[PDB]
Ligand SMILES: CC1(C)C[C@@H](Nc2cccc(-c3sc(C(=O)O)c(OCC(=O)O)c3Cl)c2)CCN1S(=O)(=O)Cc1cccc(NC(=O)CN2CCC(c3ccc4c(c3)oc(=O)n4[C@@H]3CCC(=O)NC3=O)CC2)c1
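Presented as structure tokens, the chain that follows is alone, the form solved without the named molecule.
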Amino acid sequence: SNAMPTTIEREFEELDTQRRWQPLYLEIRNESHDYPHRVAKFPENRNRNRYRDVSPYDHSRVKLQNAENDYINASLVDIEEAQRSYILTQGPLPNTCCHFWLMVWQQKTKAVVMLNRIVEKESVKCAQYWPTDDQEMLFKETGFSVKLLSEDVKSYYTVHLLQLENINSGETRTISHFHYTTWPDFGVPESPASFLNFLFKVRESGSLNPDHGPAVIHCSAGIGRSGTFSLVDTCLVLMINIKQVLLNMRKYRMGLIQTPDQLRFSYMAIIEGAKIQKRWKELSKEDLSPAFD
């Protein structure tokens, strides 16, 4: 243990007392690398993109193997230095839920992390791409079905245990679907504890470990909340220059972290995380029935 505050804690104190979060965010925007995204912008892919100005780079886009059109709005975010990769994607469209599950199958993904609500400020942000009851959800276009096996309902998140079936091979895989239900669009989690309680629930499943394909992280556009989650997880693993880590992650997917408050939150979560999981759990008020047996 060091008495000297970390480079990160030093930065946080300056930025807070000098009120420089908006200017730092501006620097990150202007210093962000630009790469081609021609495939995203082929006319035949228009109905595969939720938003006109969030596209994957050609160099890091996830390809749908063996399909007439291999395009999905999804990016492989690779941080070798941390032995972490993630796929960050948009909320699937009604027409791209089939592509989403084909991607999950092909990439050997074990966890989906969903950070958005289906409807936010009266706008549909995501299709209902997993079941809400005991009914089998069929994706005929790609030959997958999804069953809800069980769910763990907490006060601000739900863990859905899903069975994904490749209906052609008959093979199945159980997928952990971690749904954060109280993280507002263009907003931040209620507290560092609430976010860290969630991230460590994901970690404690094994789904982020290298024996599995990359976890699929999404929100609405797959950059704001998804970028916050990935930035915090990547920095905790590396524990560092957070500004440089974010600019490197942005080389793989445009626009990660969408607000100055998301950047400040990322700092606070990393400083809380870098240190207790029982304190996070109680402070998160995750339990709907906290009564002792």
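Think of the rigid core as the biggest set of C-alphas that the two forms share within 1.5 Å after superposition. When you see a residue number, it is the position in the sequence shown, counting from 1. Only residues modelled in both forms are compared.
Only in words, not in the display: the form deposited with the named molecule bound, which the text now covers.
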Complete contact of 42, 65 and 252 with the named molecule in the bound PDB entry (any heavy atom, 4.5 Å) | no
Tell me, which of 88, 221, 112, 72 has a heavy atom within 4.5 angstroms of the named molecule in the bound PDB entry?
-> 221
Heavy atom within 4.5 Å of the named molecule in the bound PDB entry: which of 54, 263, 245, 232 fits that? Just give me the one.
-> 54
Candidate stretches 144-152, 103-111, 161-169, 181-189, one within 4.5 Å of the named molecule in the bound PDB entry by heavy atom | 181-189
Decide whether residue 125 counts as a contact residue for the named molecule in the bound PDB entry under a heavy atom distance cut-off of 4.5 Å.
-> yes
Closest heavy atom of residue 258 to the named molecule in the bound PDB entry, within 4.5 Å or not?
-> yes
Give a yes or no for residue 32: in the bound PDB entry, does one of its heavy atoms lie within 4.5 Å of a heavy atom belonging to the named molecule?
-> yes
Which bits shift between the shown form and the other one if the core is lined up, counting only runs of three or more residues where every C-alpha moves 2 Å or more?
-> 4-6
